[PDB]
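Student: Below is the file start-v2.pdb, which contains PDB, C-alpha atoms.
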```pdb
ATOM      1  CA  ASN L   1      86.551  92.239 108.079  1.00  0.00           C
ATOM      2  CA  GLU L   2      83.714  90.383 106.160  1.00  0.00           C
ATOM      3  CA  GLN L   3      83.435  93.315 103.646  1.00  0.00           C
ATOM      4  CA  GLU L   4      87.192  93.360 102.743  1.00  0.00           C
ATOM      5  CA  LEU L   5      87.108  89.485 102.526  1.00  0.00           C
ATOM      6  CA  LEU L   6      84.985  89.871  99.311  1.00  0.00           C
ATOM      7  CA  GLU L   7      86.883  92.997  98.049  1.00  0.00           C
ATOM      8  CA  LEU L   8      90.226  91.042  98.401  1.00  0.00           C
ATOM      9  CA  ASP L   9      90.369  90.714  94.538  1.00  0.00           C
ATOM     10  CA  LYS L  10      90.204  94.587  94.243  1.00  0.00           C
ATOM     11  CA  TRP L  11      93.079  94.900  96.779  1.00  0.00           C
ATOM     12  CA  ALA L  12      95.071  92.084  95.056  1.00  0.00           C
ATOM     13  CA  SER L  13      95.596  94.331  91.965  1.00  0.00           C
ATOM     14  CA  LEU L  14      96.384  97.387  94.218  1.00  0.00           C
ATOM     15  CA  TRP L  15      99.413  95.858  96.023  1.00  0.00           C
ATOM     16  CA  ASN L  16     100.394  94.064  92.742  1.00  0.00           C
ATOM     17  CA  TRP L  17     100.604  97.512  90.973  1.00  0.00           C
ATOM     18  CA  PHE L  18     103.747  98.290  93.103  1.00  0.00           C
ATOM     19  CA  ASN L  19     105.398  95.391  91.180  1.00  0.00           C
ATOM     20  CA  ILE L  20     104.591  96.712  87.612  1.00  0.00           C
ATOM     21  CA  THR L  21     105.053 100.442  88.609  1.00  0.00           C
ATOM     22  CA  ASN L  22     108.797  99.640  88.473  1.00  0.00           C
ATOM     23  CA  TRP L  23     108.497  98.568  84.739  1.00  0.00           C
ATOM     24  CA  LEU L  24     106.810 101.748  83.411  1.00  0.00           C
ATOM     25  CA  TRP L  25     109.132 103.957  85.569  1.00  0.00           C
ATOM     26  CA  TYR L  26     112.192 101.891  84.354  1.00  0.00           C
ATOM     27  CA  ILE L  27     111.425 102.439  80.593  1.00  0.00           C
ATOM     28  CA  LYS L  28     110.496 106.166  81.231  1.00  0.00           C
TER      29      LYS L  28
END
```
Transcribe the structure of this file into structure tokens.
Tutor:
Amino acid sequence: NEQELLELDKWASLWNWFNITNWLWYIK
């Protein structure tokens, strides 16, 4: 728990990628 609490910024971009993955796949 304490380890991931600091890595939360690294995970923030990971789940956020599922939002932009639709853009690149849409134009492709």
Student: Which centre and edge lengths in Å to one decimal define the box along x, y and z that fits every listed atom of range 7-18 of chain L plus 5 Å per side, as JSON?
Tutor:
```
{"center_x": 95.3, "center_y": 94.5, "center_z": 94.7, "size_x": 26.9, "size_y": 17.6, "size_z": 17.4}
```
Student: What separation in Å, quoted to one decimal, exists between CA of residue 23 in chain L and CA of residue 5 in chain L?
Tutor: 29.3 Å
Student: In Å, with one decimal, what is the gap from CA of residue 24 in chain L to CA of residue 4 in chain L?
Tutor: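 So the answer is 28.8 Å.
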Student: What does the distance between CA of residue 21 in chain L and CA of residue 8 in chain L come to in Å, to one decimal place?
Tutor: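 Interatomic distance here is 20.1 Å.
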